[PDB]
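Encoded as structure tokens, the following chain is the form deposited in one PDB entry, with no partner shown.
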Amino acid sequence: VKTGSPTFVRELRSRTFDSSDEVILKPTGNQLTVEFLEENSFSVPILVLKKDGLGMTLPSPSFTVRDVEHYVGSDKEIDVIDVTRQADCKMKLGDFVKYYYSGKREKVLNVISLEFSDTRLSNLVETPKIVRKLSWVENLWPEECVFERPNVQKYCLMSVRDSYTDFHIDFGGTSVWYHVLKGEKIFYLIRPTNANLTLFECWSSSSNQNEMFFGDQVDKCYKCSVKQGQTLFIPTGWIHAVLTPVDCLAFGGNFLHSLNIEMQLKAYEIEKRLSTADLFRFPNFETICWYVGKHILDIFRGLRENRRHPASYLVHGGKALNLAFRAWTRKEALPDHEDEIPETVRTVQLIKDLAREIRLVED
């Protein structure tokens, strides 16, 4: 049985898996704050039932694929996946709209990466406040920087019934939020334990990858239905597949943050190796790491100047970052990383100082 085919989907549909209720947190919008995520950590998926308190702005649930076309443009080239889990290709949006309303489902076409930040649609959607507060690119990417800035904050997803996206780790080790405006999406979520990552890498490389349901190889594969008006936040590194059971229109975006830097670096390294994408959807990952390194040093200096202590998660994140910094700048690795280092950063000193501040904060 080939992954993505109609028989594969018919079978997937009848499966139950482990209940998402065993792992997800379900705060209200008002409860999902920075403090909440610092205290709770952001290590399991978070499903918010109603959008109230999330600080989003969205069109009404009456919004359509035709509307998307109007705000984005008929002529926009968009990446489409032919859900016979086969190929990628470009398509004019108007041609997709034609396919969509045609109702002809001989080919199952899925749109999941229409980034609309530079279109009129951008004015109609504001992302969750928590994301805007956490996001590295949003808060810590310097205006003066001359590197290409990642542009992955606003995606529109348009998925016909029976769309399937196979298990993957989100690009660049990012976390992601998804809001289903209409229809439903089913996420199959797997925790990125070292053990699961090993199985994932093995499966990603196996010759019969398209015939093996990854969720079967792990201890726990959690099924999470995200229905109309609901918002899902997936933490760094979580391995997941998505079945679209009914026609779905959704919005989402990808971000990096400081809550679990070790997991972020790890997810980044693994996905970089395993990805079959032709482009880095998150360019200059390392660059932003360097800037964050300096900012975290500043935080530690400040806390010490004021006789206060950092939260544990920051200490650990700063340490894992510093390990990465040393690895990227070793004599023999430097050639493959130098290009990503901002010309304003003195790496040897940043590393030395970070190490010092971190030593003055352990026990």
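Numbering starts at 1 and follows the sequence shown.
Not pictured, yet referred to below: the form solved in complex with a small molecule.
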Proximity of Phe213 to the small molecule in the deposited bound form, heavy atoms at 4.5 Å:
no
Check whether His168 has any heavy atom within 4.5 Å of a heavy atom of the small molecule in the deposited bound form, and answer yes or no.
yes
Is there a heavy atom of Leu181 no more than 4.5 Å from a heavy atom of the small molecule in the deposited bound form?
no
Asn110: touches the small molecule in the deposited bound form, heavy atom cutoff 4.5 angstroms:
yes
The one residue among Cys221, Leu256, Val242, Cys156 placing a heavy atom within 4.5 Å of the small molecule in the deposited bound form is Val242
Within 4.5 angstroms, counting heavy atoms, which one of the listed stretches 284-292, 224-232, 118-126, 160-168 is next to the small molecule in the deposited bound form?
160-168
